[PDB]
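Chains as they are written, first to last, in PDB author numbering: chain G, 2327 to 2722; chain F, 1931 to 2326; chain M, 4907 to 4956; chain D, 1189 to 1534.
We treat Cβ as the ideally placed atom computed from N, Cα and C, and that holds for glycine.
Comments concern the structure below.
So this is what it looks like as structure tokens:
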């Protein structure tokens, strides 16, 4: 009869799930009355998000999805394409790539998609996207590979006018080639065409979340922008062709090793750095503990140093199956906890600002994957062998 | 395995180039301060444009592109798909069709696309567009022939949401069927679907630029609009169903032969003229020196006359390989120069407002193609045998 | 200083030909300068030694 | 007067007739000055939180013969208001600088003339888009702010201009490019404090040799103070302007410093005497004018209120400007004026 994508879609759909997130966040307190002819310029607020995800491990119930959907989640629900409902928990997330991993709680009879090799993609190749555009459900749209970046973001015309960046990008064989994302951050929604992380990168970032707790991406800990910013002018910067350092992050390697706002990096390991962009991307091709010597500019300053795990990708209330923001520290040198909060449920448990945890409630916790591997096997007695540098206490 | 457009795209891409234009224009002088709650109502300003083009003559390095990209260019750069960079110079342009021709300076090993026969196009036919949507590079998108006008603008759904009107429209065989354009002038960007000039028209307009210097399109030299305009009401026009003459252009045939603002043309060579539109399009199906008698309306006025080359498509600093706005005059009766400027680099050379150039620095210059053919072969001694009607001087 | 004007036409004072100011200026901020504790070079004078 | 109030729509039809006469040695202002104003304010309840409104006000001179008509629109705008958030309106309205300077524009007849109408964002003008926030989302009683945009009002159409035209174009003394401004005021009990800033692009027609005060933009900076309690009204405003203050017909002042102060008292029996001082000092004017007074006068007057609908007043403008070349060239009035008015209003 007539050609159709329905035959492979039937072998694919069981792997695509819907995701309903419920969570809260801090919003500013509304000042009243409200005057709409007056252009001006803390409380938790619940919000609801919804997106798609792809079953990537049928046994473990591992579902890949966008970080812009599950971010700040308190409750994450998943509904299979056959209608069965499950609960899910955060296992990992990485805001850079806008990719996150979750785990269906109590999976039973699941189907996982097969991942194809991103590296074999070519522009005229056919593409099919599957997502939940406006909430009304699971929509599939078709097209082709528009641009192969060459980070290799995949570009495709199988998008959706005014809709939210769905999820799965699949080839004509039903294999996963990329997860569609949203490059319009803290928004969701597209620029006109579609951007996907390639399947090979998805596989890679995803395994890290599993086997470590987070992705090994080191940060230079500087924060800044281009040489056009109001501060590059309001501070008049000499020789403009590089990355403007607006501030050096606290307790960072850039901070520790030496550097101060103003200097404009001009190179990284000999190579020219013409824009924060160039730099932000280059430092992203280097895993923790790496050493990268870069040239700065004040009069003619330059240094060499080693970076540590970034702070963007971190964990929260999913390490201890219970409930309560740690992350990994250097190589397999335990799990270092970061900025504690105000509610202080975890600080209340004797955990400060820089407390490592090499003791797996008794054993070795070189990382959050392991640590969490124990706070899930023996939920009975828990004594966190934490040692924030000196103090080696054992709280419950 | 699976079908793909990648195999023909690989035979097509070497013909698609990227284009970077740098140029300036006259902007009004900003009045300060700036009050955003105050709806109000000369200096050159540099701008940058970027677009795509298609190699149409491998030997001569002839690239077709949109006039909205190269217009006002001072510097036009071209980058092949393999990454080789070249410089280019204007050889022709035609704002009506929004089509322009350029020439790569110093081509070496180029590939030209094959042009297919536009006339054989049909609506369900498959289509593929190639362009540079948001600057980020060369994107290809696919689809079909939506509407075949029947001027035969081609309509296709292979466009891009919110992006700039790319360039090449190719069939499934990799042959050029149309150059995508922008009908949202002095903007670029689409209405929702794509509009392309058909390949056969591209071939035709393009050869004219080569073999004459510009396209032979005669203008009636009137300027005006519909019978709805504020001026058709503010001046109360009797019997409204035609083209409103807001003004008769200076030194024009409409002017010379006889006509004055107000009269509403009702016909052109016997046929009814119900809208400026109808008329603007009809006068565009007539090459210079043609004779077209039309009926006007004041009380009942009508005349007959012969038109000359339009003023929209003209040349500038590309006739003399050097640097400095002429155009063709009637048949092969030399090259007549038009409105000189303020910087006066060319006026400074003894060239007034109406100076013809039949002398090819020694020979025959029936047209800009020829003239420019000489100011490129012998760049040594140059004596412009110009004669602006009477004065037959010989400047350097 | 006075004798110099007499016996030379002007006073022998060499310039480094730079022109600029402190690290507080709007241009030191609008251009974000790293390590601030010195003289900001806003421009190097033409045909100068600098 | 509210003439309609039904099913959530209200219409107030208001106006006045001011039988008014000027006495002055200056015969260009001397004589009958009778006029009327008419207007309406309407409001419609959309929801419990959202209200729509519109206002229109018109002045018709009553001092001309019947073969002519001298009348104009003062304001004309439509808007939306949301409870405890803000309001927005668009049309002919007052510039946000007037939020502060209006505080001294309380004199029986004169006053309020260190600026004028169609004078960038200083008073009434066309094409104002105005956003206002009252009481800061209802969380700070008495604190109000506003941000305003004005679109270009350029050269007249159909007169052979080749640039700078708008549909509603006009003479250069009444033109403006795009503008933006803002105001903040705080009122606690009887006291008030306020500030405003405006910045408007100036058009090419305004920046010709035919006008003094050429400049890229017109800017104004205003501070004001008020006291309004216990039958006493006191207010003062100070404004610094750049290429914004008109100097009669000559053009604008490169810089001007404007000051206005008023003192008023309300007797129980209905008499309200008023004392005021206004001055506008221009600097670096060009054409050899250098520093000159643009305006300088003491105003003494009184209004008698019979009730809320009928009043009568006398206002005496004691004009401290002296007759000189500068004031002659600019056409600035230097004579005293006595005004006598009798006003019915509804």
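Contacts that residue 2360 of chain G makes with chain D (C-beta to C-beta distance below 9 angstroms) = 1237, 1269, 1270, 1271, 1272, 1273, 1274, 1275, 1321, 1322, 1325, 1326
If you count every other CB in all the chains shown that lies within 10 Å of the CB of residue 1318 of chain D, and 16 or more means buried, which is it?
-> buried
How many Å lie between residue 1228 of chain D and residue 2269 of chain F at the Cα?
-> 56 angstroms
Neighbourhood of residue 2712 of chain G by C-beta, 6 angstroms cutoff - its chain only, sequence neighbours within 5 removed = 2681, 2683
Quick one, which of G/2578, G/2363, G/2410, G/2618 has its alpha-carbon nearest residue 2597 of chain G's?
-> It is G/2618 whose Cα lies nearest to the Cα of residue 2597 of chain G.
Have a look at G/2500, G/2625, G/2421 and flag the residue whose alpha-carbon is nearest the alpha-carbon of residue 2514 of chain G.
-> G/2421
Are there 16 or more other CB atoms within 10 angstroms of the CB of residue 2579 of chain G, so buried, or fewer, so exposed?
-> buried
In this structure, what does DSSP give as the bridge partners for residue 2364 of chain G?
-> Secondary-structure assignment with DSSP links residue 2364 of chain G through no beta bridge to anything.
Below-8 angstroms beta-carbon distance, residue 1261 of chain D vs any chain F residue = no
So is residue 1517 of chain D in contact with chain F if we call contact Cβ pairs under 8 angstroms?
-> no
Contact set between the region 2533 to 2566 of chain G and chain M, restricted to residues whose Cβ is under 8 angstroms from the partner = 2550, 2553, 2555, 2556, 2557, 2558, 2559, 2560, 2561, 2562, 2563, 2564, 2566
Please list the partners that residue 4948 of chain M has in chain G, where partner means a Cβ-to-Cβ separation under 9 angstroms.
-> 2562, 2564
Within this structure, are the beta carbons of residue 2034 of chain F and residue 1993 of chain F separated by less than 8 angstroms?
-> yes
Entirely enclosed beta strand (DSSP E) segments - the region 2138 to 2169 of chain F, minimum 3 residues | 2152 to 2155
Using the C-alpha atoms, what's the distance from residue 2679 of chain G back to residue 2663 of chain G?
-> 6 angstroms
Taking residue 2542 of chain G and residue 2635 of chain G to be in contact with their CB atoms under 8 angstroms, please state how far apart those CB atoms are, rounded to whole angstroms.
-> 7 angstroms
Option in D/1224, D/1234, D/1280, D/1276 with minimal Cα separation from residue 1258 of chain D | That would be D/1224, whose Cα lies nearest to the Cα of residue 1258 of chain D.
Proximal residues, the region 2630 to 2643 of chain G versus chain F, C-beta separation under 9 angstroms = none
Option nearest residue 2000 of chain F by Cα separation, candidates F/1989, F/2011, F/2020, F/2015 = The shortest C-alpha separation from residue 2000 of chain F is found at F/2020.
Sequence-distant residues of its chain with Cβ nearer than 7 angstroms to residue 2387 of chain G (five each side left out) | Scanning its chain for C-beta atoms nearer than 7 angstroms, with the 5 sequence neighbours on each side dropped, one finds around residue 2387 of chain G the residues 2429, 2430, 2433, 2436, in chain order.
Hey, how far is the Cα of residue 4939 of chain M from the Cα of residue 2490 of chain G?
-> 40 angstroms
Residues, ordered as in the chain, of the region 1949 to 1975 of chain F that lie near chain D by beta-carbon distance below 8 angstroms = 1958, 1959, 1960, 1961, 1962, 1963, 1964, 1965, 1966, 1967, 1968, 1969, 1970, 1971
Check whether the Cβ atoms of residue 2008 of chain F and residue 2060 of chain F sit closer than 8 angstroms, and answer yes or no.
-> no
Name the residues in the region 2444 to 2466 of chain G whose C-beta lies less than 8 angstroms from a C-beta of chain F; which are they?
-> For the region 2444 to 2466 of chain G, residues whose beta-carbon sits nearer than 8 angstroms to a beta-carbon of chain F comprise 2448, 2449, 2450, 2451, 2452.
To the nearest angstrom, how far is it from the Cα of residue 2625 of chain G to the Cα of residue 4924 of chain M?
-> 14 angstroms
Check whether the Cβ atoms of residue 2766 of chain G and residue 2063 of chain F sit closer than 8 angstroms, and answer yes or no.
-> Nothing in the structure corresponds to residue 2766 of chain G, since chain G is present only between 2327 and 2722.
Tell me whether residue 2254 of chain F is buried or exposed, calling it buried when 16 or more other Cβ atoms sit within 10 Å of its Cβ.
-> With 16 or more other Cβ atoms from the protein chains shown falling within 10 Å of its own Cβ, residue 2254 of chain F counts as buried.
May I have the straight-line CA-CA distance separating residue 1473 of chain D from residue 2203 of chain F, to the nearest angstrom?
-> 59 angstroms
Please determine, among F/2140, F/2321, F/2241, the residue with the shortest C-alpha to C-alpha distance to residue 2249 of chain F.
-> That would be F/2140, whose Cα lies nearest to the Cα of residue 2249 of chain F.
Is the CB-CB distance between residue 1308 of chain D and residue 1367 of chain D below 8 angstroms?
-> yes
Proximity test, Cβ basis, 8 angstroms: residue 2605 of chain G and chain M = no
Neighbourhood of residue 1997 of chain F by C-beta, 7 angstroms cutoff - its chain only, sequence neighbours within 5 removed = 2023, 2024, 2025, 2028, 2029, 2030
Between the CA atoms of residue 1988 of chain F and residue 2096 of chain F - distance to the nearest angstrom | 21 angstroms
How about the region 2364 to 2379 of chain G and the region 2338 to 2348 of chain G: do they share at least three Cβ pairs that are nearer than 8 angstroms?
-> yes
Does DSSP put residue 1324 of chain D in a helix, a strand or coil?
-> coil
Any residues in the region 1307 to 1319 of chain D with a beta carbon nearer than 7 angstroms to a beta carbon of chain G? Which ones, in chain order?
-> 1318, 1319
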